[PDB]
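Everything below belongs to my_file.pdb, which stores PDB, C-alpha atoms.
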ATOM      1  CA  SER A   1     -17.484-107.659 -48.353
ATOM      2  CA  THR A   2     -17.765-106.896 -44.653
ATOM      3  CA  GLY A   3     -15.767-105.067 -41.996
ATOM      4  CA  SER A   4     -15.670-105.352 -38.207
ATOM      5  CA  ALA A   5     -13.797-102.975 -35.862
ATOM      6  CA  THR A   6     -13.658-102.590 -32.123
ATOM      7  CA  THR A   7     -14.653 -99.197 -30.685
ATOM      8  CA  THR A   8     -13.185 -98.152 -27.326
ATOM      9  CA  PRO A   9     -14.298 -95.461 -24.841
ATOM     10  CA  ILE A  10     -11.863 -92.550 -24.675
ATOM     11  CA  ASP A  11     -12.212 -92.167 -20.886
ATOM     12  CA  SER A  12     -13.893 -93.564 -17.779
ATOM     13  CA  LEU A  13     -17.171 -91.746 -18.508
ATOM     14  CA  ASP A  14     -17.720 -93.030 -22.088
ATOM     15  CA  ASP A  15     -17.534 -89.450 -23.303
ATOM     16  CA  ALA A  16     -16.854 -90.730 -26.829
ATOM     17  CA  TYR A  17     -15.587 -93.851 -28.567
ATOM     18  CA  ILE A  18     -12.620 -94.266 -30.896
ATOM     19  CA  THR A  19     -12.201 -96.802 -33.667
ATOM     20  CA  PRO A  20      -8.909 -97.451 -35.501
ATOM     21  CA  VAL A  21      -8.965 -96.573 -39.202
ATOM     22  CA  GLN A  22      -6.230 -97.278 -41.775
ATOM     23  CA  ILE A  23      -5.582 -94.403 -44.205
ATOM     24  CA  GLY A  24      -3.129 -94.410 -47.088
ATOM     25  CA  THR A  25      -0.357 -96.637 -48.373
ATOM     26  CA  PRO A  26       1.491 -97.777 -46.339
ATOM     27  CA  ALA A  27      -1.312 -97.616 -43.784
ATOM     28  CA  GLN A  28      -1.421 -94.754 -41.325
ATOM     29  CA  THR A  29      -3.689 -95.803 -38.422
ATOM     30  CA  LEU A  30      -5.694 -92.999 -36.817
ATOM     31  CA  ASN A  31      -8.277 -93.363 -34.057
ATOM     32  CA  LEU A  32     -11.483 -91.735 -35.275
ATOM     33  CA  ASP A  33     -14.788 -90.874 -33.628
ATOM     34  CA  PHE A  34     -17.497 -92.599 -35.709
ATOM     35  CA  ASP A  35     -20.358 -90.095 -35.833
ATOM     36  CA  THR A  36     -23.793 -91.077 -37.152
ATOM     37  CA  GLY A  37     -24.770 -87.387 -36.738
ATOM     38  CA  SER A  38     -22.373 -85.960 -39.359
ATOM     39  CA  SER A  39     -21.068 -86.797 -42.807
ATOM     40  CA  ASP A  40     -17.398 -85.682 -43.033
ATOM     41  CA  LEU A  41     -14.353 -87.925 -42.600
ATOM     42  CA  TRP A  42     -11.756 -85.459 -41.345
ATOM     43  CA  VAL A  43      -8.405 -85.948 -39.685
ATOM     44  CA  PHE A  44      -5.650 -84.166 -37.860
ATOM     45  CA  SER A  45      -2.888 -83.916 -40.422
ATOM     46  CA  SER A  46       0.560 -82.606 -41.390
ATOM     47  CA  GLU A  47      -1.383 -79.480 -42.512
ATOM     48  CA  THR A  48      -3.004 -78.788 -39.116
ATOM     49  CA  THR A  49      -1.778 -75.531 -37.482
ATOM     50  CA  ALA A  50       1.015 -76.780 -35.181
ATOM     51  CA  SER A  51      -0.297 -74.924 -32.055
ATOM     52  CA  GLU A  52      -3.651 -76.770 -32.506
ATOM     53  CA  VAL A  53      -2.109 -80.268 -32.341
ATOM     54  CA  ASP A  54      -1.500 -81.667 -28.803
ATOM     55  CA  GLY A  55      -0.862 -85.419 -28.818
ATOM     56  CA  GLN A  56      -3.090 -86.535 -31.728
ATOM     57  CA  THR A  57      -1.759 -88.873 -34.402
ATOM     58  CA  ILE A  58      -1.706 -87.063 -37.757
ATOM     59  CA  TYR A  59      -2.303 -88.138 -41.335
ATOM     60  CA  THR A  60       0.583 -87.109 -43.645
ATOM     61  CA  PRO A  61      -0.652 -87.352 -47.253
ATOM     62  CA  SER A  62       2.858 -86.802 -48.653
ATOM     63  CA  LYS A  63       3.840 -90.201 -47.120
ATOM     64  CA  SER A  64       0.954 -92.057 -48.833
ATOM     65  CA  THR A  65       1.561 -93.356 -52.342
ATOM     66  CA  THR A  66      -2.208 -93.448 -52.939
ATOM     67  CA  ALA A  67      -3.052 -89.924 -51.707
ATOM     68  CA  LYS A  68      -4.150 -87.369 -54.309
ATOM     69  CA  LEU A  69      -5.129 -83.749 -53.668
ATOM     70  CA  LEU A  70      -8.779 -83.184 -54.552
ATOM     71  CA  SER A  71      -7.922 -79.942 -56.304
ATOM     72  CA  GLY A  72      -9.911 -76.886 -55.226
ATOM     73  CA  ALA A  73     -11.974 -78.720 -52.620
ATOM     74  CA  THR A  74     -12.373 -77.259 -49.120
ATOM     75  CA  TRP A  75     -14.468 -78.123 -46.116
ATOM     76  CA  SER A  76     -15.670 -76.448 -42.939
ATOM     77  CA  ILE A  77     -17.917 -77.899 -40.259
ATOM     78  CA  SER A  78     -19.523 -76.752 -37.027
ATOM     79  CA  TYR A  79     -20.965 -79.267 -34.540
ATOM     80  CA  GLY A  80     -23.868 -79.032 -32.062
ATOM     81  CA  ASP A  81     -21.391 -78.533 -29.146
ATOM     82  CA  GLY A  82     -19.893 -75.346 -30.762
ATOM     83  CA  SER A  83     -16.708 -77.124 -31.978
ATOM     84  CA  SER A  84     -15.433 -76.741 -35.533
ATOM     85  CA  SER A  85     -12.761 -77.663 -38.014
ATOM     86  CA  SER A  86     -11.851 -76.879 -41.627
ATOM     87  CA  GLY A  87      -9.293 -77.576 -44.317
ATOM     88  CA  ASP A  88      -8.622 -79.127 -47.700
ATOM     89  CA  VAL A  89      -9.244 -82.574 -49.157
ATOM     90  CA  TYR A  90      -7.312 -85.603 -50.414
ATOM     91  CA  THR A  91      -8.616 -88.844 -51.813
ATOM     92  CA  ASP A  92      -6.969 -91.976 -50.445
ATOM     93  CA  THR A  93      -7.580 -95.613 -49.540
ATOM     94  CA  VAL A  94      -9.404 -96.016 -46.223
ATOM     95  CA  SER A  95      -9.975 -99.315 -44.417
ATOM     96  CA  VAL A  96     -12.130-100.036 -41.385
ATOM     97  CA  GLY A  97     -12.012-103.445 -39.792
ATOM     98  CA  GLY A  98     -10.818-105.104 -43.008
ATOM     99  CA  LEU A  99     -13.294-103.266 -45.327
ATOM    100  CA  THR A 100     -11.472-101.072 -47.876
ATOM    101  CA  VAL A 101     -12.706 -98.101 -49.884
ATOM    102  CA  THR A 102     -10.540 -96.605 -52.589
ATOM    103  CA  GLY A 103     -10.898 -92.969 -53.536
ATOM    104  CA  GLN A 104     -12.431 -91.943 -50.170
ATOM    105  CA  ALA A 105     -12.446 -88.204 -49.463
ATOM    106  CA  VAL A 106     -10.139 -87.653 -46.475
ATOM    107  CA  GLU A 107     -10.660 -84.097 -45.241
ATOM    108  CA  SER A 108      -7.329 -82.777 -43.901
ATOM    109  CA  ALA A 109      -7.704 -80.224 -41.104
ATOM    110  CA  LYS A 110      -5.845 -76.937 -41.391
ATOM    111  CA  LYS A 111      -7.692 -75.571 -38.320
ATOM    112  CA  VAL A 112      -9.490 -77.218 -35.408
ATOM    113  CA  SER A 113     -11.257 -75.602 -32.436
ATOM    114  CA  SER A 114      -9.966 -75.806 -28.890
ATOM    115  CA  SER A 115     -12.143 -78.794 -27.843
ATOM    116  CA  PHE A 116     -10.471 -80.932 -30.568
ATOM    117  CA  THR A 117      -6.944 -79.802 -29.641
ATOM    118  CA  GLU A 118      -7.616 -80.503 -25.957
ATOM    119  CA  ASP A 119      -8.744 -84.107 -26.677
ATOM    120  CA  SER A 120      -5.495 -85.977 -27.482
ATOM    121  CA  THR A 121      -7.380 -89.309 -27.883
ATOM    122  CA  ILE A 122      -9.442 -88.325 -30.992
ATOM    123  CA  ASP A 123      -7.517 -88.055 -34.277
ATOM    124  CA  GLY A 124     -10.602 -87.033 -36.297
ATOM    125  CA  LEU A 125     -14.171 -87.965 -37.146
ATOM    126  CA  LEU A 126     -15.698 -90.496 -39.521
ATOM    127  CA  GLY A 127     -19.204 -89.354 -40.432
ATOM    128  CA  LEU A 128     -21.957 -91.922 -40.941
ATOM    129  CA  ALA A 129     -25.013 -89.691 -41.479
ATOM    130  CA  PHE A 130     -26.326 -89.169 -45.023
ATOM    131  CA  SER A 131     -23.942 -87.743 -47.618
ATOM    132  CA  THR A 132     -26.299 -84.750 -48.193
ATOM    133  CA  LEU A 133     -24.724 -83.255 -45.027
ATOM    134  CA  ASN A 134     -21.128 -83.517 -46.258
ATOM    135  CA  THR A 135     -19.509 -80.068 -46.206
ATOM    136  CA  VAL A 136     -16.968 -80.407 -49.058
ATOM    137  CA  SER A 137     -17.226 -77.573 -51.603
ATOM    138  CA  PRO A 138     -17.619 -77.162 -54.506
ATOM    139  CA  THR A 139     -18.152 -80.924 -55.061
ATOM    140  CA  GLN A 140     -19.902 -82.657 -52.141
ATOM    141  CA  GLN A 141     -18.298 -85.979 -51.167
ATOM    142  CA  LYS A 142     -19.672 -89.337 -50.039
ATOM    143  CA  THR A 143     -19.290 -90.941 -46.621
ATOM    144  CA  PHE A 144     -17.224 -94.080 -46.123
ATOM    145  CA  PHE A 145     -20.492 -96.051 -45.781
ATOM    146  CA  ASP A 146     -21.995 -94.626 -48.957
ATOM    147  CA  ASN A 147     -18.797 -95.459 -50.881
ATOM    148  CA  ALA A 148     -18.656 -98.995 -49.376
ATOM    149  CA  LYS A 149     -22.370 -99.770 -49.749
ATOM    150  CA  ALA A 150     -22.480-101.375 -53.187
ATOM    151  CA  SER A 151     -19.599-103.761 -52.191
ATOM    152  CA  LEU A 152     -21.138-104.837 -48.866
ATOM    153  CA  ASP A 153     -22.902-108.168 -48.430
ATOM    154  CA  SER A 154     -25.905-106.178 -47.035
ATOM    155  CA  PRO A 155     -26.201-102.346 -47.141
ATOM    156  CA  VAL A 156     -26.035-101.923 -43.369
ATOM    157  CA  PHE A 157     -23.783-101.036 -40.510
ATOM    158  CA  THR A 158     -24.348-101.719 -36.827
ATOM    159  CA  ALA A 159     -23.327 -99.940 -33.659
ATOM    160  CA  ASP A 160     -22.806-101.977 -30.516
ATOM    161  CA  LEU A 161     -21.374 -99.514 -27.991
ATOM    162  CA  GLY A 162     -20.188-100.710 -24.606
ATOM    163  CA  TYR A 163     -20.927 -99.316 -21.154
ATOM    164  CA  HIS A 164     -17.509 -98.635 -19.664
ATOM    165  CA  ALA A 165     -16.180-101.260 -22.114
ATOM    166  CA  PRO A 166     -15.235-101.719 -25.760
ATOM    167  CA  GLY A 167     -17.865-102.482 -28.396
ATOM    168  CA  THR A 168     -18.081-103.026 -32.107
ATOM    169  CA  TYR A 169     -18.943-101.340 -35.414
ATOM    170  CA  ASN A 170     -19.760-103.857 -38.139
ATOM    171  CA  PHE A 171     -20.270-103.094 -41.815
ATOM    172  CA  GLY A 172     -22.213-105.302 -44.238
ATOM    173  CA  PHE A 173     -23.685-107.881 -41.869
ATOM    174  CA  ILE A 174     -25.811-108.229 -38.742
ATOM    175  CA  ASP A 175     -24.080-110.358 -36.007
ATOM    176  CA  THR A 176     -27.021-112.407 -34.707
ATOM    177  CA  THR A 177     -24.867-113.393 -31.642
ATOM    178  CA  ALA A 178     -24.522-109.745 -30.514
ATOM    179  CA  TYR A 179     -28.104-109.152 -29.286
ATOM    180  CA  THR A 180     -30.937-110.871 -27.437
ATOM    181  CA  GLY A 181     -34.513-111.328 -28.691
ATOM    182  CA  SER A 182     -35.452-109.769 -32.014
ATOM    183  CA  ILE A 183     -34.556-106.510 -33.779
ATOM    184  CA  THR A 184     -37.410-103.978 -34.082
ATOM    185  CA  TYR A 185     -37.122-101.807 -37.158
ATOM    186  CA  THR A 186     -38.573 -98.298 -37.390
ATOM    187  CA  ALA A 187     -38.910 -95.749 -40.163
ATOM    188  CA  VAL A 188     -36.275 -93.122 -40.906
ATOM    189  CA  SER A 189     -36.657 -89.669 -42.400
ATOM    190  CA  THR A 190     -33.586 -88.506 -44.325
ATOM    191  CA  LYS A 191     -35.035 -84.996 -44.817
ATOM    192  CA  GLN A 192     -32.514 -83.322 -42.460
ATOM    193  CA  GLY A 193     -29.651 -85.712 -43.436
ATOM    194  CA  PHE A 194     -29.781 -87.613 -40.145
ATOM    195  CA  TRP A 195     -30.884 -91.058 -38.996
ATOM    196  CA  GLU A 196     -34.108 -89.436 -37.786
ATOM    197  CA  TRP A 197     -36.822 -91.632 -36.309
ATOM    198  CA  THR A 198     -39.797 -91.466 -33.913
ATOM    199  CA  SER A 199     -39.741 -93.178 -30.550
ATOM    200  CA  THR A 200     -43.123 -94.376 -29.277
ATOM    201  CA  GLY A 201     -42.705 -93.161 -25.686
ATOM    202  CA  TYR A 202     -40.903 -93.573 -22.421
ATOM    203  CA  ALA A 203     -40.990 -94.769 -18.854
ATOM    204  CA  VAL A 204     -39.049 -93.657 -15.771
ATOM    205  CA  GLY A 205     -37.842 -96.476 -13.547
ATOM    206  CA  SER A 206     -40.604 -98.966 -12.770
ATOM    207  CA  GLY A 207     -43.260 -96.348 -13.766
ATOM    208  CA  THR A 208     -45.969 -96.759 -16.358
ATOM    209  CA  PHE A 209     -45.028 -96.321 -19.991
ATOM    210  CA  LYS A 210     -46.191 -93.020 -21.518
ATOM    211  CA  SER A 211     -47.187 -93.443 -25.168
ATOM    212  CA  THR A 212     -46.043 -90.295 -26.964
ATOM    213  CA  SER A 213     -44.196 -89.665 -30.265
ATOM    214  CA  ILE A 214     -40.633 -88.332 -29.804
ATOM    215  CA  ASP A 215     -38.870 -87.486 -33.052
ATOM    216  CA  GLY A 216     -35.077 -87.553 -32.744
ATOM    217  CA  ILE A 217     -31.815 -88.695 -34.259
ATOM    218  CA  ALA A 218     -29.596 -91.699 -33.593
ATOM    219  CA  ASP A 219     -26.228 -89.960 -33.031
ATOM    220  CA  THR A 220     -23.159 -91.934 -31.973
ATOM    221  CA  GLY A 221     -21.162 -88.706 -31.882
ATOM    222  CA  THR A 222     -23.230 -87.183 -29.056
ATOM    223  CA  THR A 223     -22.495 -88.397 -25.530
ATOM    224  CA  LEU A 224     -25.839 -87.802 -23.799
ATOM    225  CA  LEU A 225     -29.573 -88.351 -24.331
ATOM    226  CA  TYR A 226     -31.342 -85.036 -25.141
ATOM    227  CA  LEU A 227     -35.141 -85.159 -24.906
ATOM    228  CA  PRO A 228     -38.028 -82.709 -24.509
ATOM    229  CA  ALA A 229     -38.116 -80.735 -21.276
ATOM    230  CA  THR A 230     -41.329 -82.435 -20.121
ATOM    231  CA  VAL A 231     -39.731 -85.914 -20.395
ATOM    232  CA  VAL A 232     -36.491 -84.831 -18.750
ATOM    233  CA  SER A 233     -38.308 -83.106 -15.863
ATOM    234  CA  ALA A 234     -40.349 -86.266 -15.285
ATOM    235  CA  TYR A 235     -37.118 -88.313 -15.070
ATOM    236  CA  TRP A 236     -35.194 -86.039 -12.687
ATOM    237  CA  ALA A 237     -38.265 -85.528 -10.449
ATOM    238  CA  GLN A 238     -37.648 -89.168  -9.368
ATOM    239  CA  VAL A 239     -34.151 -88.327  -8.026
ATOM    240  CA  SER A 240     -34.023 -86.627  -4.579
ATOM    241  CA  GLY A 241     -32.094 -83.397  -4.795
ATOM    242  CA  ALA A 242     -31.803 -83.294  -8.612
ATOM    243  CA  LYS A 243     -32.154 -79.873 -10.197
ATOM    244  CA  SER A 244     -31.450 -77.986 -13.371
ATOM    245  CA  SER A 245     -28.404 -75.744 -12.826
ATOM    246  CA  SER A 246     -27.994 -72.815 -15.282
ATOM    247  CA  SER A 247     -24.438 -72.331 -13.849
ATOM    248  CA  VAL A 248     -23.427 -75.929 -14.668
ATOM    249  CA  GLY A 249     -25.483 -76.148 -17.902
ATOM    250  CA  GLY A 250     -28.029 -78.865 -17.166
ATOM    251  CA  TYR A 251     -29.445 -81.257 -14.637
ATOM    252  CA  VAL A 252     -27.228 -82.247 -11.733
ATOM    253  CA  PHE A 253     -27.927 -84.663  -8.936
ATOM    254  CA  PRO A 254     -26.366 -85.732  -5.641
ATOM    255  CA  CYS A 255     -23.516 -88.126  -6.190
ATOM    256  CA  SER A 256     -25.019 -90.186  -3.317
ATOM    257  CA  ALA A 257     -28.129 -90.963  -5.426
ATOM    258  CA  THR A 258     -29.101 -94.242  -7.022
ATOM    259  CA  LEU A 259     -30.554 -93.316 -10.437
ATOM    260  CA  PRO A 260     -33.676 -94.934 -11.909
ATOM    261  CA  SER A 261     -33.611 -96.550 -15.310
ATOM    262  CA  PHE A 262     -35.095 -94.870 -18.377
ATOM    263  CA  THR A 263     -37.050 -96.822 -21.008
ATOM    264  CA  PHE A 264     -37.661 -95.637 -24.568
ATOM    265  CA  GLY A 265     -40.051 -97.167 -27.095
ATOM    266  CA  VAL A 266     -39.151 -98.511 -30.526
ATOM    267  CA  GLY A 267     -42.476 -99.457 -32.060
ATOM    268  CA  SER A 268     -44.009-101.928 -29.588
ATOM    269  CA  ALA A 269     -40.540-102.818 -28.254
ATOM    270  CA  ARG A 270     -38.761-101.212 -25.291
ATOM    271  CA  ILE A 271     -35.064-100.412 -24.673
ATOM    272  CA  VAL A 272     -34.106 -99.988 -21.033
ATOM    273  CA  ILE A 273     -31.220 -97.685 -20.113
ATOM    274  CA  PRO A 274     -29.944 -98.731 -16.663
ATOM    275  CA  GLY A 275     -29.664 -95.928 -14.114
ATOM    276  CA  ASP A 276     -25.897 -96.281 -13.935
ATOM    277  CA  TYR A 277     -25.630 -95.319 -17.617
ATOM    278  CA  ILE A 278     -27.137 -91.902 -16.718
ATOM    279  CA  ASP A 279     -24.363 -91.019 -14.194
ATOM    280  CA  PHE A 280     -21.666 -88.770 -15.696
ATOM    281  CA  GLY A 281     -19.877 -88.240 -12.391
ATOM    282  CA  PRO A 282     -18.786 -85.151 -10.483
ATOM    283  CA  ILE A 283     -19.251 -81.813 -12.225
ATOM    284  CA  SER A 284     -15.689 -80.887 -11.215
ATOM    285  CA  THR A 285     -13.089 -82.980  -9.645
ATOM    286  CA  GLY A 286     -14.042 -83.931  -6.049
ATOM    287  CA  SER A 287     -17.547 -82.381  -6.184
ATOM    288  CA  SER A 288     -20.539 -84.156  -4.635
ATOM    289  CA  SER A 289     -22.736 -82.792  -7.450
ATOM    290  CA  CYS A 290     -22.898 -85.177 -10.406
ATOM    291  CA  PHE A 291     -23.863 -84.433 -13.997
ATOM    292  CA  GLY A 292     -26.882 -86.148 -15.499
ATOM    293  CA  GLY A 293     -26.875 -88.192 -18.675
ATOM    294  CA  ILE A 294     -30.405 -87.203 -19.673
ATOM    295  CA  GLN A 295     -30.694 -83.494 -20.541
ATOM    296  CA  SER A 296     -33.213 -81.196 -22.176
ATOM    297  CA  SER A 297     -33.127 -80.691 -25.918
ATOM    298  CA  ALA A 298     -34.826 -77.262 -25.505
ATOM    299  CA  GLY A 299     -32.914 -74.761 -27.626
ATOM    300  CA  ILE A 300     -31.023 -77.496 -29.576
ATOM    301  CA  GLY A 301     -33.989 -77.760 -31.988
ATOM    302  CA  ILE A 302     -33.811 -81.629 -32.177
ATOM    303  CA  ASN A 303     -33.971 -84.563 -29.790
ATOM    304  CA  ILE A 304     -30.793 -86.646 -29.780
ATOM    305  CA  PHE A 305     -30.517 -90.328 -28.928
ATOM    306  CA  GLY A 306     -26.798 -90.144 -28.166
ATOM    307  CA  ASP A 307     -24.480 -92.723 -26.667
ATOM    308  CA  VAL A 308     -26.374 -92.958 -23.337
ATOM    309  CA  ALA A 309     -29.318 -94.417 -25.249
ATOM    310  CA  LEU A 310     -27.529 -96.214 -28.062
ATOM    311  CA  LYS A 311     -25.136 -98.174 -25.833
ATOM    312  CA  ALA A 312     -28.178 -99.831 -24.179
ATOM    313  CA  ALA A 313     -29.006-101.417 -27.568
ATOM    314  CA  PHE A 314     -27.680-103.217 -30.594
ATOM    315  CA  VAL A 315     -28.456-100.662 -33.351
ATOM    316  CA  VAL A 316     -28.833-101.400 -37.051
ATOM    317  CA  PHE A 317     -28.357 -98.537 -39.510
ATOM    318  CA  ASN A 318     -30.094 -99.964 -42.590
ATOM    319  CA  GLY A 319     -28.941 -98.058 -45.700
ATOM    320  CA  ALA A 320     -31.197 -99.836 -48.176
ATOM    321  CA  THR A 321     -33.051 -97.740 -50.781
ATOM    322  CA  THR A 322     -35.601 -96.980 -48.038
ATOM    323  CA  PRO A 323     -33.434 -96.570 -44.913
ATOM    324  CA  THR A 324     -34.611 -97.850 -41.547
ATOM    325  CA  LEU A 325     -33.192 -98.156 -37.994
ATOM    326  CA  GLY A 326     -33.320-101.325 -35.947
ATOM    327  CA  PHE A 327     -32.959-101.721 -32.194
ATOM    328  CA  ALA A 328     -32.476-104.857 -30.131
ATOM    329  CA  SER A 329     -31.748-105.408 -26.459
ATOM    330  CA  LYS A 330     -28.409-107.029 -25.616
TER
END
Would you put the structure from the file into structure tokens?
Amino acid sequence: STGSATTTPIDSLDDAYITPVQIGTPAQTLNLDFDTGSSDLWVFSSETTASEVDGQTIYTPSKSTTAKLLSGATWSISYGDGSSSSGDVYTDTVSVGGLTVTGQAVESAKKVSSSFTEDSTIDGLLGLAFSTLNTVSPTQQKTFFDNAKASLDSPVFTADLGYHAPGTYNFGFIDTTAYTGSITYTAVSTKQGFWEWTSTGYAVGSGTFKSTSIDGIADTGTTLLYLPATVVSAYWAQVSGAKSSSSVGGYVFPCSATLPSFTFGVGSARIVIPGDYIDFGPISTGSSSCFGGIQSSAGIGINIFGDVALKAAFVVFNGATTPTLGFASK
């Protein structure tokens, strides 16, 4: 089997991407944030505290003939941005892009933090990291990908995120029309439960490439590119008037600037992030200070190749017995 679904930016900045997902019988379609940095499929639901729902579409298990309470199971998750959610668990039929899993754990939120409530466009998350990170207790549950894997034509999924445009998540096949050149594969460590890999270095603009190992994670659920302070300082030093602002919470730059590109290494291959991908616009409405898309990972404890980096590539998440990542230009 295979599946193929379009993923759409939630706003004009590409702050996140939503993908429609069918849950239950008859189908209830929710727009979920596919997150390769976490391993819970959770949804706004009929159980979510009413004051914490503001415009999201909810899952109502009582209206699904295939829903079953997973008796005794609870979940609770905290993300890198300080957001959180928790609740109870149903099993139900879940389909993505024509690919169906029966008996998927659907984590029903009883509580969500303010950042979730305030984002009316995201109806929940679909985690695509390794199932060792799943938070369901007392019986840990599998991700949608792990449950689908054995049925797929190939044990893979791909992320093809757009810049200010829709893109695609595919499951079970590699669309050879969706990228240019060849795919470079690189090793993955699953030790922390992430798609963790080592970049071979970087360049700023037309500058020379610096060969240096940068361990980090491929995380579709993180907007920006978080790298070591040395790398980030070297990038922003090439932008007149850029500075790190403790008041704003990262590097800012004059909105009048033209940003340089940023290149990262994948083995001997190179992925180029155009400068425009690194512009996250005014810090507040009407400001002439703009927020940067490359930020320091200092104090986060991991480097994160978030959407800024991933949307410059066609990315293969190879879930074979020995997992690997692949990157191609596009």
May I ask for the distance between atom CA of residue A:59 and atom CA of residue A:21, given in Å to one decimal place?
->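 Taking atom CA of residue A:59 and atom CA of residue A:21, their separation equals 11.0 Å.
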What does the PyMOL selection byres ((chain A and resi 112) around 10) select in this file, as a ChimeraX atom specification?
-> /A:43-44,48-49,52-53,76-77,83-87,109-111,113-117,124
Report the distance between atom CA of residue A:17 and atom CA of residue A:329 in Å, rounded to one decimal place.
->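 Interatomic distance here is 20.0 Å.
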Selection under test: the PyMOL selection byres ((chain A and resi 131-135) around 6); residues as a PyMOL selection string | chain A and resi 39-40+75+130+136+142-143+193
Which of these residues is nearest to residue A:71, using only C-alpha atoms: A:120, A:93, A:137, A:263?
-> A:137
Figure out the distance between atom CA of residue A:234 and atom CA of residue A:279, please, to one decimal in Å.
->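 Rounded to one decimal, the two atoms are 16.7 Å apart.
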